[PDB]
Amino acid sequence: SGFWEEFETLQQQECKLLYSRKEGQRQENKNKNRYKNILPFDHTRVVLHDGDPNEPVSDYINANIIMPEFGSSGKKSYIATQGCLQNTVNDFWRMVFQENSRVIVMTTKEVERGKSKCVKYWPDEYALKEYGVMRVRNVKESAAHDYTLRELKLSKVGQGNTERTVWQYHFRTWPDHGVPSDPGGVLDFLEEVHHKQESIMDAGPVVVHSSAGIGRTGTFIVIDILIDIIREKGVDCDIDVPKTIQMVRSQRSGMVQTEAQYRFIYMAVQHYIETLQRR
């Protein structure tokens, strides 16, 4: 009770999806979506420029910009996207490069229960790989309990002075079903993500992905938004979980998929508050 009523009321307001998703529905973009029914809104989708002139449709990826506030800088925003398909790996790196993203949050394993959630889009440690026009070196990997950090260096093949470091925070322990029973791992992880992002000036939006780009993706993003409000305005500031979910859902449909994820968000915030009060 209370959480179910709140989540069910949110699910009410999305029974009609109002904003247009026509680009994702185009015949040329059909096999760029992992799920037929999960598509980016046209008005917030990431439009990919500088594509191959021989490709009739080269501007599409299943991804949306998410701003936490109406006047949010790119540095304070997110990109919510699906895990790479075999044929969108190159488009994914075009997106990272174009948006100047410096931090990637991966919320899934590559494969879970025998189903691909994300095709591997990074080289092995110390290896280099070319993804279309983009070159990626994997400089170092650091294992933590819940995640692995991959320090990647991304550049455009041939062009000088385009190299930049992209930090891939790969959350590894999310359960195959349900949500973690305690938010500690996610909070410590998001704390490292945030400090990394804030330390890079002129960084672009943080890229966050899951299999569809809405469930785990929305859960991670909304928690990050809320704890950053607490970071900025203190532990007695007012927190409106439903309105925050409404805000991100106006930019990509269906963010935060299950009531367990909904309860997990509240738990994470309450833990973050408790952590600051309890030293």
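From 1 onward, residues are counted along the sequence shown.
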{"query": "Stretch exceeding the other in mean C-alpha B-factor - 235-243, 56-64", "finding": "235-243"}
{"query": "Mean C-alpha temperature factor, higher of 91-99 and 125-133", "finding": "125-133"}
{"query": "Peak C-alpha temperature factor (PDB record), options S142, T81, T107, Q168", "finding": "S142"}
{"query": "Criterion, highest CA B-factor; candidates, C15, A268, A260, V256", "finding": "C15"}
{"query": "B-factor third for the C-alpha atom of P205 within its chain", "finding": "lowest"}
{"query": "Among modelled residues of the same chain, the CA temperature factor third for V186", "finding": "middle"}
{"query": "Chain-relative CA temperature factor third for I227", "finding": "middle"}
{"query": "Chain-relative CA temperature factor third for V179", "finding": "lowest"}
{"query": "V157 - which third its CA temperature factor falls in, relative to the rest of the chain", "finding": "highest"}
